[PDB]
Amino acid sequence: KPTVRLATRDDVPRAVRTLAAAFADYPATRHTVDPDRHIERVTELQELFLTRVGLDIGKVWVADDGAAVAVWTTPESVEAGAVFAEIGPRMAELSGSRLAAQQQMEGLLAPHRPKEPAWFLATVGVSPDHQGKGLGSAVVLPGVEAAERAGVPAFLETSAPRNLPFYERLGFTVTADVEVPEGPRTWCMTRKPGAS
């Protein structure tokens, strides 16, 4: 059984290596991040989300010291807007020549995002070495339990169809099935409190 707890600064190197490996060929990052130094760009994007969103204003869990990691914003993440505005320019630069694809996907998804306070899963990853052993479910469940306790929705977006069963088992339902012209099909998933 995996050991799940809140991340510390000590977990960041391993959590970043986990997130970089997990996202090495993820359809949304392939679509929206420059193919030049792609892994380095994706690695920096994941570290930005881990540190400036997760550890600073959100909630981060790790399984087995960062073999898996889940980053959330919560209803307490009131600075989310300010932080996204601060890191927006860096994320644009990391998009590089795929900026129009980054902007396209943001435009297509923003309207299907929660208009009320939510637990929003910003990024999650399991080390490819440790996949299919329950780390994914274990590192995500605490935020899902916390959303239900607060009586707000949990929300996430995925461009990997093989993820849909994983989130469905945790009680998420597809609330938007978004065709991205010349891009990856993307699902927005909501879990209302008590959905499972």
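All residue numbers are counted from 1 along the displayed sequence.
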Subject >> Selected stretch [higher average CA B-factor]: 152-160 or 165-173 >> reply: 165-173
Original post:
If you average the Cα B factors in the entry, which is higher, 78-86 or 92-100?
Top reply: 78-86
**OP:** Among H31, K133, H38, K59, single out the one with the highest C-alpha B factor in the record, please.
**Re:** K133
**OP:** Classify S127 as lowest, middle or highest third according to the C-alpha B-factor given in the PDB entry, relative to its own chain.
**Re:** highest
Original post:
What third of its chain, lowest, middle or highest, does the C-alpha temperature factor of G54 fall into?
Top reply: middle
**OP:** Please place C188 in the lowest, middle or highest third of its chain by C-alpha B factor as given in the entry.
**Re:** lowest
Original post:
Based on the entry's values, in what third of the chain does the Cα temperature factor of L108 lie: lowest, middle or highest?
Top reply: middle
**OP:** Quick one: classify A21 as lowest, middle or highest third of the chain based on its Cα B-factor.
**Re:** lowest
